[PDB]
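In structure tokens, the next block holds one chain alone, the form deposited in one PDB entry.
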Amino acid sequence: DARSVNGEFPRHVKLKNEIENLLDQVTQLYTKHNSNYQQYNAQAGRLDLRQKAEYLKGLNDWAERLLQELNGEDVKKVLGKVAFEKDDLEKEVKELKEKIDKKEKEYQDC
């Protein structure tokens, strides 16, 4: 057993371990989101309306943040910003190269 197959068999095992680790992370997120609400219910009784909202909001905020970390949603928003600046800089570089070509024309004679 444990052949190479041009490294593809060890790669199969590594991908299997990475998938299992993701499945474990998402399973614990799911389990904990559900138990968070059961815990809220248990402790909800002797909280006022405003404290109830602030408590359940805090639990929801913890789950949403962890989900966006696992699925890369957070990284996609940063990519959006950096891509917009990169696009503006590409247009600025084009404009400056055109300005340099015009300045060569401007001063061709002297």
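Under this definition, the rigid core comprises the largest set of C-alpha atoms superposing within 1.5 Å between the forms. A residue's number is simply how far along the shown sequence it sits, counting from 1. Only residues modelled in both forms are compared.
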| property | result |
| --- | --- |
| Average Cα temperature factor in the PDB entry - higher stretch of 41-49, 64-72 | 41-49 |
| Average Cα temperature factor in the PDB entry - higher stretch of 81-89, 52-60 | 52-60 |
| Chain thirds of CA B-factor: placement of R11 | lowest |
| CA B-factor ranking of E95, expressed as a third of its chain | middle |
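What comes next is about the form deposited in another entry, which does not appear here.
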item	value
Comparing forms between the shown form and the other one after core superposition, the one residue of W62, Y30, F84, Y37 displaced by 2 Å or more at CA	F84
Cα displacement of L96 between the shown form and the other one reaching 2 Å, rigid core superposed	yes
Moved runs of 3+ residues, each with a C-alpha displacement of 2 angstroms or more between the shown form and the other one on the rigid core	1-3, 83-104
